[PDB]
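Below is one structure; the comments refer to it alone.
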Amino acid sequence: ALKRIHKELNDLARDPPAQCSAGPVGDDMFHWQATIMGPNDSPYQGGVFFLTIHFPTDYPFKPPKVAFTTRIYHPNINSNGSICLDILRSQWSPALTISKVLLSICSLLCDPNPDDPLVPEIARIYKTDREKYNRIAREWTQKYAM
Amino acid sequence: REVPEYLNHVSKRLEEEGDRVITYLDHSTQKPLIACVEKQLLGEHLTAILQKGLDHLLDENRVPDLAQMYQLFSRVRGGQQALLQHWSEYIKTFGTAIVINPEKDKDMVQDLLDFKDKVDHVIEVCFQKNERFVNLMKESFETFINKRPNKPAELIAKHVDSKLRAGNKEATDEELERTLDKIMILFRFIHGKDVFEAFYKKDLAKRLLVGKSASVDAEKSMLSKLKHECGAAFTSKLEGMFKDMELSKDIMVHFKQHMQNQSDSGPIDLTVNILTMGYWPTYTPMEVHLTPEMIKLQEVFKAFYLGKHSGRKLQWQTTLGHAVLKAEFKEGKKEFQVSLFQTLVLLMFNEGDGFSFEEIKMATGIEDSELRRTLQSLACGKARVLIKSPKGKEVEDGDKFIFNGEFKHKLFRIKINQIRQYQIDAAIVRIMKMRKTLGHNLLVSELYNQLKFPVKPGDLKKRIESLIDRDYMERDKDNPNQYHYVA
Amino acid sequence: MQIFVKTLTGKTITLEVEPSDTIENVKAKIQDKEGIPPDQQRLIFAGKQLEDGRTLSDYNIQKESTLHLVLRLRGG
Amino acid sequence: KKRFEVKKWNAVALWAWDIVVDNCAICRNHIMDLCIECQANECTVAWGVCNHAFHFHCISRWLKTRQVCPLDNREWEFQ
Amino acid sequence: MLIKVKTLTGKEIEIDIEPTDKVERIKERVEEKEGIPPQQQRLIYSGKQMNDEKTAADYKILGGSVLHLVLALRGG
Ligand SMILES: [Zn+2]
Ligand SMILES: [Zn+2]
Ligand SMILES: [Zn+2]
């Protein structure tokens, strides 16, 4: 529904989340662009990763197709910039609003789960050697996020 | 010669030299001559001229001389820049005189509005609307208005209340909005704007609940500026008040019909405003010994309103109400629009011509401090409906107030209610980027010079350690005191 | 002291907490405030999971701060 | 001689909710205010055993998509 | 109008601008009230990195429209 998206947009403009920002890209309110500043105390510090939200025609009862536009290093995010959250495919809940899905993604930037990973190649590096992970993620952030 | 005459002398001389060139000197000598004379007349005395004349001249609002001054100073290289300073510093010097002195509170805003209009006028006429001077006019006002925390906002808020009040019949509709527009250009410069709302909201709360607003169209005009100036979030709570007044009248239509359908309608003609508790100023409920006919009227309404909207609760504000008490004096009947406290206390002065301060108190239950204020309104006011024994301005516990049956007043209806963490981080990388190599000691020194807040040594070191971790800065291989720029 | 938390339903509620308090009790306070089970909360501060076996003082949380509440998720 | 009588009266009264607005999560409306779909023109509020409030017109559709409360993960039944 | 430029920490810096100011003006105003020179800002409004030549009216910035500020430590 639009009215749900309208209310989300207004209540986000008034009281924005701290390190998040999302608004329509143009005339079509169903196509937002968001932005997840890299959480502090993480390899993504100082980064600004742009998402691309797409709300379906029944948005309250059906998840939005969010997908990173800035190539992010993450076991749970493929090089194409697609996420695989369980909340976003299987356990979508209408009570969860865009200000919340963006914040949950921001939290998951620091809390991956290499078990059942969308990118096993990075998942193996993360599981085995976390020291190298925090450097490869840092260089990807510096070469894409800044 | 004084500066105002001296500028005329310089204006004369330049044109003579300008006239000489056309007369007999070759045109190729036009420029070096003018610059030569111009350098000596003004270029060597820019500070001397400005100090002697500008500060005096600006106060007198001498339009022509300033126009001559700005016109002349533009010729010198850096002359105009020298004029911005002594003009800018004049604002911060004379401006502070308006705000710093607390003894000038009653005449604060009008000076700020007047002094604002004056400097703007100088920009429009003399300085040829120079955009650079416009900015430093805005930037300068922002500074000195904020040298007094939270008081200019209060006075601007109090000022707008006076303009909008029903007592402000003198300023017509067109005149008023122009005054507000000048205020909004002044309200922008304040920093503690969140303090302006509470002072303007509390005043606006009084305006609606006593119907003293001069022009409803002027009210809605005001918020249309704040909403455009600070967004709907800033003015969200304000607009809720207007809805409540709008919604309350609708409730009165439905409620009044209910009493008409009932054959038992009290002589008391009733109106009650229903206001969303979240928006309005916080009021402390306080109990009063209402009469048996008085207590019923809320009960029918409270049940009625609740019956029409479940989940609500109407907790009353006896303080903000006001009733009418037609009186039977010895020289004609009079009406008294009186608050509930005045209503109850004045309902203690008929059976007995007088009662003690304490005799009334347990009868009604008002707080002593406010009961005294109420009684003062009934004895010491212009409409002396009581005779205080002993007579005086202030009320005492031993007072046996006596009802004034000899009350005389011109009007028939009368009123008595008159009574830093990232900042450190950003600077460190910024400074070190330029340097490309630096020690700890200088890096520490320039921070306080470049940071306008205290910096603890422990906090300062922690950021340095954090920046080392993120590869922003690197220590020397052998000198921990010495850092190097990495990227 | 107290702390602000932004529940899922758009509302905001204030929690009376101490820095020594552990996150498990924080989630229990969220529960008896509105009632989503201790397991399903996932408190977020600066985009960080608030681990159950820790206390606010661990995460550098002070007065008038804000904690964000979401629904429990997982990787993929 | 003795006359305790009142002839008119105006007052005010602040209204507050019994417990809380109970913000619907599906539609983000106010409980007395109708469902977001129902505004476009009898929209009742239906409780879950969680005590969670939802407009019937919202929670019915969500149930038609999922027999799960959106806030809590328990199942949906009224009282 | 007022734009409140809230950074990561949650501090909500107030700013004032005319409807036609170029965003370089916005960054300069942030410099005065916060101290970060315009080279090291990256203002993000509603998920669009503002570009240093666009006028504020381009983005439909209104009263009380919150921006976001993120530090670019390099910042040229
Ligand atoms: Zn409905
Ligand atoms: Zn539930
Ligand atoms: Zn609903």
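Note: ideal-geometry Cβ built from the backbone for every residue, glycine included; neighbour counts use all protein chains shown. Read the figures in this text as sums done on the coordinates, not as results from a lab.
Please work out which residue is farthest from ligand 3 (Cβ to nearest atom), limiting yourself to region D:25-60 and to residues that are out of contact with any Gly (no Cβ under 9 Å at 6 or more places or on another chain) and of a type in the set (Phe, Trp, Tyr).
Among them, the one singled out is D:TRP47.
Is it the case that D:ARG28 is of a type in the set (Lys, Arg), surrounded by 14 or more Cβ atoms within 10 Å (Cβ to Cβ), away from ligand 2 (no atom under 16 Å from the Cβ) and more than 14 Å from chain B (Cβ to nearest Cβ)? Spell out the reasoning first.
Details: of a type in the set (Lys, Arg): yes; surrounded by 14 or more Cβ atoms within 10 Å (Cβ to Cβ): yes; away from ligand 2 (no atom under 16 Å from the Cβ): yes; more than 14 Å from chain B (Cβ to nearest Cβ): yes.
The answer is yes for D:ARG28.
Out of all the residues in region B:76-134, which are surrounded by fewer than 16 Cβ atoms within 10 Å (Cβ to Cβ) and in a loop (DSSP other than H, G, I, E, B)?
B:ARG77, B:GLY78, B:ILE100, B:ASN101, B:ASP105, B:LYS106, B:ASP107, B:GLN128, B:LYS129
Quick one: is D:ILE59 surrounded by 16 or more Cβ atoms within 10 Å (Cβ to Cβ), facing another protein chain (nearest Cβ under 7 Å) and within 11 Å of ligand 1 (Cβ to nearest atom)?
No; evaluated as a whole, the condition is false for this residue.
So, in region D:37-56, of the ones that are within 10 Å of ligand 2 (Cβ to nearest atom) and within 11 Å of chain A (Cβ to nearest Cβ), which residue ends up farthest from A:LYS7 (Cα to Cα)?
Filtering region D:37-56 for residues that are within 10 Å of ligand 2 (Cβ to nearest atom) and within 11 Å of chain A (Cβ to nearest Cβ), the one farthest from A:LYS7 (Cα to Cα) comes out as D:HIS52.
Which condition does A:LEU88 not pass, out of (1) closer than 27 Å to A:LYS3 by Cα; (2) aliphatic (A, V, I, L, M); (3) surrounded by 21 or more Cβ atoms within 10 Å (Cβ to Cβ), if it passes all the others?
(3)
B:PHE255: surrounded by 17 or more Cβ atoms within 10 Å (Cβ to Cβ) and either farther than 30 Å from B:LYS169 by Cα or aliphatic (A, V, I, L, M) (or both), yes or no?
So B:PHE255 passes the test.
Each row is one residue, and each column tells you yes or no for (1) part of a strand (DSSP E or B); (2) away from chain B (no Cβ under 14 Å); (3) touching a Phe, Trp or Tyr at 6+ places or on another chain (Cβ under 9 Å).
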position: E:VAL30; (1), (2), (3): no, no, no
position: E:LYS33; (1), (2), (3): no, no, no
position: E:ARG42; (1), (2), (3): yes, no, no
position: E:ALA57; (1), (2), (3): no, no, no
position: E:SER65; (1), (2), (3): no, no, yes
position: E:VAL70; (1), (2), (3): yes, no, no
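Please give the number of the condition D:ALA16 fails out of (1) facing another protein chain (nearest Cβ under 7 Å); (2) under 14 Å from the mean Cα position of the chain (by Cα); (3) in a loop (DSSP other than H, G, I, E, B); (4) more than 9 Å from ligand 3 (Cβ to nearest atom).
It is condition (3) that D:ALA16 fails.
B:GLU142 versus (1) over 15 Å from the mean Cα position of the chain (by Cα); (2) farther than 23 Å from B:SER215 by Cβ; (3) acidic (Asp, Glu): which is the lone unmet condition?
So the condition that B:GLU142 fails would be (1).
Is it true that some residue in region D:66-78 is more than 10 Å from ligand 2 (Cβ to nearest atom) and under 19 Å from C:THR7 (Cβ atoms)?
So far as region D:66-78 goes, no, none of its residues is more than 10 Å from ligand 2 (Cβ to nearest atom) and under 19 Å from C:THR7 (Cβ atoms).
Please work out which one of (1) part of a loop (DSSP other than H, G, I, E, B); (2) within 13 Å of ligand 3 (Cβ to nearest atom); (3) in contact with a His (Cβ under 7 Å, 6 or more places away or on another chain) is the condition D:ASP22 fails and give its number.
Checking D:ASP22 against (1) part of a loop (DSSP other than H, G, I, E, B); (2) within 13 Å of ligand 3 (Cβ to nearest atom); (3) in contact with a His (Cβ under 7 Å, 6 or more places away or on another chain), the one that fails is (3).
Are any residues in region A:85-108 within 20 Å of A:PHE50 (Cβ to Cβ) and within 11 Å of chain D (Cβ to nearest Cβ), and if so, which ones?
A:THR97, A:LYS100
Any chance region C:39-47 includes a residue that's at positive phi and buried (at least 19 other Cβ atoms within 10 Å of the Cβ)?
yes
Does region C:20-41 include one or more residues that are more than 30 Å from D:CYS27 (Cβ to Cβ) and part of a loop (DSSP other than H, G, I, E, B)?
The answer is yes; a qualifying residue exists.
Scanning for something within 12 Å of ligand 1 (Cβ to nearest atom) and either within 30 Å of B:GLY266 (Cα to Cα) or touching an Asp or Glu at 6+ places or on another chain (Cβ under 9 Å) (or both), does region D:62-78 turn up at least one residue?
No: zero hits.
Can you spot a residue in region E:12-23 that is under 25 Å from A:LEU51 (Cα atoms) and either assigned to a loop (DSSP other than H, G, I, E, B) or out of contact with any strand residue (DSSP E or B) (no Cβ under 6 Å at 6 or more places or on another chain) (or both)?
Yes, region E:12-23 contains a residue that is under 25 Å from A:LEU51 (Cα atoms) and either assigned to a loop (DSSP other than H, G, I, E, B) or out of contact with any strand residue (DSSP E or B) (no Cβ under 6 Å at 6 or more places or on another chain) (or both).
Just to be sure before I move on: is D:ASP22 surrounded by fewer than 17 Cβ atoms within 10 Å (Cβ to Cβ) and either within 15 Å of ligand 1 (Cβ to nearest atom) or within 14 Å of chain B (Cβ to nearest Cβ) (or both) in the structure I sent?
Against the criterion (surrounded by fewer than 17 Cβ atoms within 10 Å (Cβ to Cβ) and either within 15 Å of ligand 1 (Cβ to nearest atom) or within 14 Å of chain B (Cβ to nearest Cβ) (or both)), D:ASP22 does not qualify.
Between A:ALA18, A:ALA95, which is under 26 Å from D:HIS52 (Cα atoms), aliphatic (A, V, I, L, M) and part of a loop (DSSP other than H, G, I, E, B)? It would help to see each step written out before you state the result.
On the way: A:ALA18 fails: under 26 Å from D:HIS52 (Cα atoms).
Residue meeting the stated conditions: A:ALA95.
State yes or no: is D:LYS7 within 16 Å of ligand 1 (Cβ to nearest atom), surrounded by fewer than 17 Cβ atoms within 10 Å (Cβ to Cβ) and of a type in the set (D, E, K, R)?
no
Based on what the data block shows, is D:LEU63 of a type in the set (A, V, I, L, M, F, W, C), within 16 Å of ligand 2 (Cβ to nearest atom) and assigned to a loop (DSSP other than H, G, I, E, B)?
In short, no.
Return the pair list, or none, for Cβ contacts closer than 8 Å from residues in region D:46-63 that are among the β-branched types (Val, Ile, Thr) to residues that are within 12 Å of ligand 3 (Cβ to nearest atom), at least 6 apart or on different chains.
If the second residue must be within 12 Å of ligand 3 (Cβ to nearest atom), the pairs left are D:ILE59/D:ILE26; D:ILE59/D:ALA46.
So which residues in region B:378-395 are under 37 Å from the mean Cα position of the chain (by Cα) and not in a loop (DSSP other than H, G, I, E, B), if there are any at all?
If the condition is that a residue be under 37 Å from the mean Cα position of the chain (by Cα) and not in a loop (DSSP other than H, G, I, E, B), then B:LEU378, B:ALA379 are the ones that fit.
Would you confirm whether or not region B:171-186 contains a residue that is surrounded by 14 or more Cβ atoms within 10 Å (Cβ to Cβ), among the basic types (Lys, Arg) and either on the phi > 0 side of the Ramachandran plot or not in a helix (DSSP H, G or I) (or both)?
Among the residues of region B:171-186, not one is surrounded by 14 or more Cβ atoms within 10 Å (Cβ to Cβ), among the basic types (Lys, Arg) and either on the phi > 0 side of the Ramachandran plot or not in a helix (DSSP H, G or I) (or both), which makes the answer no.
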